[PDB]
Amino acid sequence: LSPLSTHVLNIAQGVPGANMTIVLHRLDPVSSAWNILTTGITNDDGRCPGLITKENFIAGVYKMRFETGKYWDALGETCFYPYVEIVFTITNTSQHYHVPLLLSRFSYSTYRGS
């Protein structure tokens, strides 16, 4: 299983944030440009298994971009945030990191889990 996980929750409607596109990036330590690692689409439970392998999960700065505008558009409603990018520092690669997103049309929140 992936050492990096997520969970998207639609807190306006009280259901998982299903079928949301998420793109995972890692900061290039040489040039400070962003490199794309992979993309995923959350399942029915708002989760996105297999984002990265233990082998590729090296220390660095990572970015998860949630396509929140597109998600809401597919539910027939507008979102204040066209997308959400969460940028976080990974230093100890043996810990598990859970990076969730609690979302409404006009709010969001996240926290570090394990």
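From 1 onward, residues are counted along the sequence shown.
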**OP:** Output the stretch having the higher mean C-alpha B factor in the entry; the candidates are 13-21 and 90-98.
**Re:** 90-98
Original post:
Which is higher in the entry, the mean Cα B factor of 27-35 or that of 53-61?
Top reply: 53-61
Original post:
Quick one: which of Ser2, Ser107, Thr110, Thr6 has the biggest Cα B-factor according to the entry?
Top reply: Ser2
**OP:** Ordered by C-alpha B-factor within the chain, which third holds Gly76? Give me lowest, middle or highest, please.
**Re:** highest
